[PDB]
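Step one of this worksheet: look at the structure below.
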Amino acid sequence: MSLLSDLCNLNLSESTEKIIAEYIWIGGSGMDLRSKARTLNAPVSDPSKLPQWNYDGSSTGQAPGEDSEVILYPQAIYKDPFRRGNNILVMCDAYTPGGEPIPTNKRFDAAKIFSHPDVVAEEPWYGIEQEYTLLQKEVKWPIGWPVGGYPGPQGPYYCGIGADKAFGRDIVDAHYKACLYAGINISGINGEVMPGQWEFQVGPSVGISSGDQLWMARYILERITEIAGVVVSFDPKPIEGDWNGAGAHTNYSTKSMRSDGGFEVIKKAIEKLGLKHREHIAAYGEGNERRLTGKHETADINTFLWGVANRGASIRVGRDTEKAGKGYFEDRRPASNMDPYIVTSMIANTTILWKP
Amino acid sequence: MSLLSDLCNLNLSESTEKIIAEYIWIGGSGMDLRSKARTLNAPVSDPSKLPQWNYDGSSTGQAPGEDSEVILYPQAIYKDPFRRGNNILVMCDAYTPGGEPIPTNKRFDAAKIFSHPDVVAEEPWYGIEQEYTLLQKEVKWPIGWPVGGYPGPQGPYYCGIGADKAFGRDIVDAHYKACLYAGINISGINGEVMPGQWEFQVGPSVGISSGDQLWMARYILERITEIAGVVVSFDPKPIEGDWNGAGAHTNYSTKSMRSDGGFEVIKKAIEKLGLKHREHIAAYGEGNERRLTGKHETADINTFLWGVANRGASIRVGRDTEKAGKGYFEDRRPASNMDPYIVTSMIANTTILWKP
Amino acid sequence: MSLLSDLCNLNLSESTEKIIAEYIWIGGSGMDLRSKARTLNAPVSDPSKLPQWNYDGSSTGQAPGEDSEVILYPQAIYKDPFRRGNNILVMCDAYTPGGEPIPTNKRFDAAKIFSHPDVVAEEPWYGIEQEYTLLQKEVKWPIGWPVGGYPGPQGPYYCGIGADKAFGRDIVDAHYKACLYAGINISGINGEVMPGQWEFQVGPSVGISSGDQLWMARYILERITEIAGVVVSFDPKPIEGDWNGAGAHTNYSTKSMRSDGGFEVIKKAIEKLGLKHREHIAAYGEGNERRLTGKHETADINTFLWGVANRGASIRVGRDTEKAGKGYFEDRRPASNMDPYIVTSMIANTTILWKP
Amino acid sequence: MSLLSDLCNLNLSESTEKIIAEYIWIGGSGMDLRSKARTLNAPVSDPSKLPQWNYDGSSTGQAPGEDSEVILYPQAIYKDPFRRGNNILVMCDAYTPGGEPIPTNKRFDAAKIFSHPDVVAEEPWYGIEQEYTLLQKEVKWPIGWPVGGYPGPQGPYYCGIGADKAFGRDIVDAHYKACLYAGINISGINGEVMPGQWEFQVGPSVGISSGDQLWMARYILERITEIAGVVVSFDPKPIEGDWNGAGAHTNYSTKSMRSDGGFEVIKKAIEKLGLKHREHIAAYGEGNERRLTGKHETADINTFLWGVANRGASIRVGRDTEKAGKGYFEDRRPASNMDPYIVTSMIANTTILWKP
Amino acid sequence: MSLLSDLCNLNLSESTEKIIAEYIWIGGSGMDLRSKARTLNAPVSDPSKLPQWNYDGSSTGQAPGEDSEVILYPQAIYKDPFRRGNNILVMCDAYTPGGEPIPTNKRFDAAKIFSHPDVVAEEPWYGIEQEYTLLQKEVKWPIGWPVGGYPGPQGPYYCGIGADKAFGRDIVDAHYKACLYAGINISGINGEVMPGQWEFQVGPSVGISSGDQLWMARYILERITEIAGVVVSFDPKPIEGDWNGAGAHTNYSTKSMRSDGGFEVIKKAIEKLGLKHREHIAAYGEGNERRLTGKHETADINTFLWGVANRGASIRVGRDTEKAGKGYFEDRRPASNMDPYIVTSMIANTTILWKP
């Protein structure tokens, strides 16, 4: 189209020297994201030089009814894909005046854990595999499904090509381009054994940058999906039928594990993480009850078991690590609406800081 | 349109230096193709430097067993038409951990038979004439045909121009441009006697590059018709009533045939191929019995006829070849869903290595 | 639409040196045109340095059922408007193995008669005024025309501007641009009395080349209207009723007539044309029985007339020719589906060779 | 619908005794019909008492320039299916002012022929089998034909049954019941091989009654299909190609042919009919040339063939009729757009008055 | 609408005592029917009193080339549900001119078998159940069937109620009432597991009457669904996949089995049926092998299984029947496209005449 499309893609440095910095903060329910733009004066490149901002804490649902002002802090800056130029995107944190973070921040303790000398001397690496569903505008069925109906049986959809196999690859391709342009270290994408569903894998990020990049990628996906004209649901089981349930896996790797002869280290880490499976399964995301039932390459909710090749194992280890004696292992417990901060912090703490 | 079309065509070489590389492997049923992308780090030009992957063996219906990982070996690299820049497309063949090919690979034997000193001394040339149908998204009739109805009788459609003659020349022209840009040695296109059917002829490739290029061209066509929202079927008889049945032909040549007085060579090779007619029929296509019936310039399923201008002959030789004493002969047996690897290997073996 | 529009418009000179030469030959019924593309290795500029193709002579209906191969010879090369670059369009004439022109060739005798020393010493000039109707895709009424209805009385449409007067000036303007770009020596366009109808004038093309010019212009028009989405019919009476009938006229000129004392020469030529009239009126086109009736500025089938100003005269002379000699005369006998080769050949032959 | 039906079927006899009479006369073309109604004070039963009434002949193209008045002579009385009650349908003949028939009357001569003492003393019987095609309102395709296409080949369409096999049998049933009600001798109905073409047999009414009843049945049919919203065309070849046409089988038999052993009289009658085949065909109606070629169980216009059980013969005699030695025979040559008056009158003239 | 239906339900007997005879005969395929109508002069009740009539067998594809005439023999008189009054539907058998039956008759042999003194002295009754699917008119999916998809898994569809559970039950109910009215012994109806599939039990009629009534019920059903704009296919497996198909259960019981100690007699009859089951399967109908694979409550083609409460056996005997020691048994092996004449006559033959 050409209506309103000339003004949106208008060069910024031609006239003035002003950029705009959209502000992103975690919403009230813990999963929704909110954003509101604000002009700047000079193109900034240091996240510590940005000015703090605020929003109404009683409209979203993060503050009581006596004092709604919620001070925000800027954390990271990423290049704006939807308006290019020198515009930036920032990730912010919700705090109350007086320096106390809101109960629904989840990044204060994450940064506290990851500022420890041990973790900064170990620098763990995390790779997250996110799975999301694309739903229609109104009916709220996945796109491509007939209204009140279902497509053919699953199996000829995984990494499919052509029509009737991939529904809406434009959104995912645009997402890939935008995250490669912004600065997020994305790795690759593929289909999933459910039609409409997809998946993108975030690369080996260090520290809390994993959570930062995952959140920014979720924001980019939501904006691109809004541009297209559909909605995205991150819940673990979008459809209650007999289809794949969305989830997430977390690659784990520290310096000692991938240095030399790390098989014993990964093994001991498996027992360490299995010791406290209770709180870990309780703190990986609401809605995991309908995902982990015993079907569709999933384990059971109240059991812990690990293997080397079985796809039903809650935690598995790549056979390449066994070949070489060093590598990683896959944590297949987290659901598709998890908070990367808490999961990453719990894994790092239970692995490197806990002394039984 | 401008809905996300600006983001898809974004030059990634201006900001970053990384490229992406889609992976293509032969599916489970033998005809389906699957793809999933990844991000490399440097623009590669040697196929031997690429890293290997795997995929879910129990999702494509070729699971070796408990260990579902299916290692993939990159073979050839082609420039990406749908993303331009330094993006590439690669062709991969399936394998199992342990160095053995998957049962539905059919490329291991082809490579091991085309690495023979004799065949590399003779360097056969193959020209493949693939013909496909374009059929609608929903009712599965060919595009242009009325729903539950038929257009005028065949005859005014062959190489037709204008509306009511060519149904979707845009898609085929885009395919031709993309194949010429990628690196495939495509020769030309033309219509066939049916509304919707078409044809593209692949040029004189050498060795297993014939199968590589044919498979990559099929992938490119399928992606393009996915962009256009149309499904493509390669089966020999898309419509069973009266119309022309799709198939394929295989030009063949070696050094002796096109250099010396090779009329005797080509004729004796024709009897050689006629001696092994049984498994050659059995190994050209699933569903070929609906094509070869005795009508529409097709041979029968129980005879082997070769001549000079017999339109129904299973094999014919070029008249310029006979007049000049050197050239090629045309194999009209293969169907439209063939595997180029097996047909190429069988022809080469039966004509240069197999002896009475 | 931005779908598939990026791939179609690509600059192949950026990556390779290959071009695309599309072959055009006169079909079986005499009026249909057929095409199929190929890939030349290097750009060419001499029409005598091209390879010869063939096609299935039994599919079109132009060759017998024994040896369907139909050798084609390239004649002229024109720049491709629909893909630009170094791509070319070639005009080809059919034949049979053995060098014998097909019964429906009609260009062999044209070239033979125009290679005569007298003709090449006289260099006749022909200007052709072709008029065509644009029909809808399905109903087969003209465009901008109610189904089962009529727009209104004629008179406000001739050279009309604005809506309700010109139905599809976009297609004709595109045709004008493409013909000026290709190499055709087109002169001008205008509307015609009945709505939907149009007219373009090919102007002063010397020698046999007039047939090539007009045929390539027809091909360009038909491809352009295929792109638009409507069909075009060249029959003399597209719609039966009280409406203007389509046709054609042929300007004629030779060195003697446009030299000093040319009025006597043109009068002698008109008398000669009147003397040999039966085969002329039987060879100008199939469909004159509905055009030449006696109405709408048209002569009668059973008469021959000449004049300077009468609109119903079968032939006439331009006024400036009468005033100041030189000039030409307009042959108003040919219909709208004529073969230019035979018409120009007989006109030149009757003018310069036959004696009473 | 709910309204415009209560007062369209309202009963008038309950209030008064005024009836409605529709006067029917043939237009100038000779293939369509005209009708207009006139109130009568009291109900009538015999056509003799109905007074004559005039109509404008200028618009019908049957009147001289000065005096444009035409007089009608009521002939037959039939009841009205669209008004019920005592309302009547009456057939009329156009007469010049002065006691002479209109040139396009075609019934005065028939009445003179049939009123001859020998003709009435022979009591002829006539049976006609007319066929028609139901076609749409705008696109002029037959009902059920996919627009811009053709349905399946000949097959389950000749007197077929079921959805997608027989189109619009409700109109045929409506005609059958209405013509049984009105007073028209209808024998039976059955579909035709072309999808959308039907047929109804008119009973063995005697003399001028056969023509009168057939004209009235055609009037009722075209009124019914006007009500339904479908145009009916009785042309012998509504659709040209590989589909059957429409004809009439005028079965002839007088008192002698069904009383004694007329097995040797039927052949004499056939020969008498065939003595003047040329003008006999010429007196049948336009469109006869495109149907009689030999295919679709038809005969040849320029040859006279007679047989026993061959559909290729112009005249055919049933096996039971020839076995019994008495009965009738089938006259297949008359066209479906004939004038029944002329056909029956001239057949009677040939049979009883004309001599070899 | 109100019009075009008032005169489709008129009282023809009000004016004249003419009745309408609907002649019915099987086409050449053996799975569809044909219809023809004619006016009789007086109402009849005895089928033998109805005169013979002929149809053109060339289009039917079951007539000799020289003599296309085919003679019909009325068999059974059933009252009309679409015209009411005294109008009748009659089932007819096609006879060649000469006495010998049509090759595709299947009724003369059945009549000879059933007219044998032993068969009529045993007075068998047959119970036949048939199942069918209600397909759409353009896309060949069932009714209520989400296009481009499938409905929920097999759930509340077997004789279910409510919207979105039972589709198009109005057609089935109208068929039930119409078959009760016409004179066909129909027992009951219920839904089927596949959404849109139904069935109706035909009551225990005698011998040839069972086949005649089944044919007439199929005729009436297809007429009704033609009125409703829905096509009906009695295929053994209309849709391939994880959905149930359609079959035919024949309930056979003669005097001996129904009386006294019939358990041993029915067991002996079952063994007699199983002795030569190969031609039994061969003489039921095409498409049986797709339906008979083992799943969806059926036996295997190559294996003969019998039992009492096992649905996997080709023969099932009710618990009450065996408890009482007398009754019938169910033959699940017939296909949904069977010929009732052949099945009934063959069952009677193998029961009473054919010996081991």
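Chains as they are written, first to last, in my numbering: chain Z, 10 to 365; chain S, 10 to 365; chain F, 10 to 365; chain C, 10 to 365; chain W, 10 to 365.
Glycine included, every Cβ here is placed at the ideal spot set by N, Cα and C.
Rounded separation between residue i and residue j - CA only
i	j	result
residue 105(F)	residue 72(F)	8 angstroms
residue 302(C)	residue 138(C)	20 angstroms
residue 250(W)	residue 169(Z)	21 angstroms
residue 50(W)	residue 148(C)	42 angstroms
residue 111(Z)	residue 39(Z)	11 angstroms
residue 157(S)	residue 160(C)	8 angstroms
residue 353(C)	residue 116(C)	11 angstroms
residue 311(Z)	residue 288(Z)	12 angstroms
residue 224(W)	residue 322(C)	37 angstroms
residue 260(W)	residue 62(W)	35 angstroms
residue 329(C)	residue 292(W)	37 angstroms
residue 35(F)	residue 226(S)	31 angstroms
Any non-hydrogen atom of the ligand ADP closer than 7 angstroms to residue i Cβ
i	result
residue 19(S)	Within the structure as shown, the ligand ADP is missing, as the structure has no ligands at all.
Status (buried if at least 16 other CB within 10 Å, exposed otherwise) for residue i
i	result
residue 90(F)	buried
residue 241(W)	buried
residue 203(S)	buried
residue 10(W)	exposed
residue 162(W)	exposed
residue 280(Z)	exposed
residue 81(Z)	buried
residue 201(F)	buried
Residues sharing a beta bridge with residue i, DSSP
i	result
residue 199(Z)	208(Z)
residue 49(F)	28(F)
residue 363(C)	Residue 363(C) is not bridged to any residue.
residue 338(W)	261(W)
residue 326(S)	338(S)
residue 316(F)	325(F)
residue 78(S)	65(S)
residue 83(S)	101(S)
Chain B within 8 angstroms of residue i, Cβ atoms only
i	result
residue 240(W)	Among the chains of the structure shown, chain B does not appear; the protein chains present are Z, S, F, C and W.
Nearest-angstrom Cβ-Cβ length linking residue i and residue j, presumed shorter than 8 angstroms
i	j	result
residue 181(W)	residue 154(W)	Residue 181(W) to residue 154(W), Cβ: 16 angstroms. No contact.
residue 144(Z)	residue 151(Z)	6 angstroms
residue 43(C)	residue 30(C)	Incorrect: roughly 15 angstroms between the Cβ atoms, too far for contact.
TODO: Scan the segment 86 to 167 of chain Z and note each continuous beta strand (DSSP E) run of 3 residues or more that stays entirely inside, going in chain order.
DONE: 97 to 104, 134 to 144
TODO: Taking only runs that begin and end inside the segment 212 to 290 of chain S, name each unbroken beta strand (DSSP E) of 3 or more residues, in chain order.
DONE: 240 to 242, 259 to 262
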